[PDB]
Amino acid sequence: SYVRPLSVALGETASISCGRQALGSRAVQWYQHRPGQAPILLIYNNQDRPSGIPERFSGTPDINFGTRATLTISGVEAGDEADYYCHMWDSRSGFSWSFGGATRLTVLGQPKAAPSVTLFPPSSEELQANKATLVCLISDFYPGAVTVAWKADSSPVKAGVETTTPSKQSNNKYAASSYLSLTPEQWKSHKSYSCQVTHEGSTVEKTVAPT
C-alpha cells in the first residue's frame, strides 16, 4: 500500500528488511528509486551488483534456507536517502508482478543548512498584463520543513498564497517556492511587501517595494 520508514545515523551501516518473505529458493532484486528520477537497481541477483554500483550495498545469498533477504548499506550518506523496493521471486509463489512495498530511507544527524531566500517583485511587463505575482524562492535548506507567511506592512495577506511542498535537489538540500498573487492596484497601494520564511526555530524575512 504505502511506504515503510527507516532511519539511520549518518556514517553507520543499515539493514533493510524485505516484506513478503520467500517460501522457497528465491532470487531478489533491490532497486533504488528517487522521486521523479529513474530507478537504479543495486542488486539483480541476491549476491550480485551491476557495474558502477559501489561495493557498499550488499544482499544476502540464500546458501541455506531460512535466511532473510536484507539490504545492507555501509557508510550511509545523504545520497543513500531514497526509496528502496524489494522485488521477490520465489519458487513456490507464481509470477511476481508487483515490486515490494516502498521503504523510505532517511539519514539522521545530517547538518542543518540555513535557507537561502530571494524575493522577486512583479515584472513591469506583468503589470502591463494587469496581473501581479510576488515570487519567494527558498533554496539549500535542511531539514526540508519550512512555513511561509506573507506580510503587507504589518498585516498578513492570507489570501492568494500558493506554496510548493519542499523538494530535494541535487545538492541533497531541499528547495521550495511560494507565489503570492496580487492585483497591480494592490501592489501599488502598499508601501512594501515582505516574505517571512520560518525554518526550525529560525526565521528570515525579505522585503521588496514598488519603484
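For every residue, the number given is its place in the sequence shown, counted from 1.
Taking only CA atoms, the mean B-factor in the PDB entry is higher for 126 to 134 than for the other of 97 to 105 and 126 to 134. Compared with the other modelled residues of the chain, the Cα B-factor recorded for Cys195 ranks in the middle third. For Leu182, the recorded CA B-factor ranks within the middle third of the chain. Only modelled residues enter the ranking. Ranked against the other modelled residues of its chain, the C-alpha B-factor of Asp140 as given in the entry falls in the lowest third. In the PDB entry, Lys158 places in the highest third of its chain by CA B-factor. Residue-level temperature factors show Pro54 in the highest third of its chain, judged at the C-alpha atom.
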